[PDB]
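Take a look at this one chain, the form deposited in one PDB entry, written out in structure tokens.
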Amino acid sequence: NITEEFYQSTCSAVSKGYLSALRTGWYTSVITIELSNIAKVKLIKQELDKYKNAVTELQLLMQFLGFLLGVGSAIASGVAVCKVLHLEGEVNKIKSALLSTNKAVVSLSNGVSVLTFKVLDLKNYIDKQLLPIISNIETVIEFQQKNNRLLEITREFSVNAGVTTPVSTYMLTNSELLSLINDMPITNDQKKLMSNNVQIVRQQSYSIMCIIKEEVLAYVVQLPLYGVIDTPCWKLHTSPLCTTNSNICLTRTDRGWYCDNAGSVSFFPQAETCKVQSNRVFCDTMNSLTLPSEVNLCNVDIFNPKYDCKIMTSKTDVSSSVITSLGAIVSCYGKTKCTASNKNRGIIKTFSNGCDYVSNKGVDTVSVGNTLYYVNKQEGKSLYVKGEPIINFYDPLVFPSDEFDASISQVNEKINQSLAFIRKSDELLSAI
């Protein structure tokens, strides 16, 4: 059940009812391809040239508040595992564990247990079916089918400098991926979540070309660990709130995704980086701040004493809309034409200057100036929370503008400083 509340007082809206699936860690697996080290004859010859060129190719290869975020190194974990694979005997240990089976767990020298997977055995095909020789066109066609995956994996690594994301189905098919997922050291809830959202897993994964040695091509596939699942998440949408006379504006800068997480709240300022499937919200904690849960008080009382709500101030009263989960915030200023239109695309509401809102219940589109917006048609209940625009409480003569990284308290203190000087001068001039 998605619900939404629009706060007329602060030109913002919160969409609730979502459930988290946060990427909190990384699981590293090792994917191997076993290789053979070596008219119809002419066709099979150039197909073998493609095989040989691909192998040497990989060998040559082997040789508003976003600014507050930290800086990670997203493939540090997989690169660390890849460095381990270059150590003496480490590849032979994997090649021995996969002689009899195609999937096995190996303990690496650095104290990390990895799943290994042999997804293609070109050694078996070339040595036992091709090295004897053609007579049959079926054999050249068959070789083209077995070789094609290696050729495409090589093409992908070649234009991506050895590191791909999302992980393609050439890197890992869906059968292989679902198989990997079922044996990961993770909870049953995690396996079910990953299996039902395999395309999101692919988008959050990396494939890291690693080593080609002892007739084994190995790459690391770095898959997300979802260590936070099924906690409540909510999306905060914000738009500029201006006077409508010489006008002053403020905007809540804390727009983004929020998810309850381990007694705090994970805040993702770039909402567009999260992926939303139905009511499940996939975000990456690398893109988050960890905030006190009192940050949510900014939605019910922006002047609350427990948390200093973030805002920016300006005098740039331009018109726009923010399309929410269940409706549309409209910031309409100056001479702009701002309307909402219904299922027959007849205008049913004309917005006055100010910040206002409509739900997707009877509205299909909103137009602000020359920009038409389609609203999301997701089912849910929207509530309009009436309130006097807080911009009305500010004296424009002492209003601090061009504040980007500001807050309620910061702005109040500047106002207090400005008023103190005026009161001091009026009394110092009257005494003189």
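From 1 onward, residues are counted along the sequence shown. We call the rigid core the largest set of C-alpha positions that still match within 1.5 Å between the two forms.
Per the record, residue 38 and residue 39 are separated by 4 to 9 deposited residues that are missing from the model.
Where coordinates are absent for parts of the deposited sequence, a chain break appears; between neighbours residue 161 and residue 162 there is no such break. Just going by the entry, 342-350 versus 101-109 on mean CA temperature factor gives the higher value to 101-109. In this entry, 47-55 shows the higher mean Cα temperature factor of the pair 47-55 and 26-34.
Note on the listed residues 302, 328, 178, 115: the highest Cα temperature factor in the record is that of 115. Taking the PDB entry at face value, the top CA B factor among 241, 276, 184, 318 belongs to 184. Per the PDB record, residue ranking by Cα B-factor puts residue 65 in the lowest third of the chain.
In the PDB entry, a CA B factor belonging to the middle third of its chain's modelled residues is recorded for residue 156.
The entry lists a Cα temperature factor for residue 385 that places it in the middle third of the chain's modelled residues. Residue 290: CA B factor lies in the lowest third for its chain, per the PDB record. Remark: residue 134 belongs to the highest third of its chain, ranked by C-alpha B-factor as recorded.
This protein has a second form, the form deposited in another entry, left out of what is shown; the following refers to that one.
A 2 Å or larger CA shift between this form and the one not shown, after fitting on the rigid core, occurs at just one of 301, 142, 284, 308, namely 142. Once the rigid core is overlaid between this form and the one not shown, residue 377 does not reach a Cα shift of 2 Å, moving by less than that.
Residue 45 shows a C-alpha shift of 2 Å or greater between this form and the one not shown [criterion: core-superposed Cα displacement of 2 Å].
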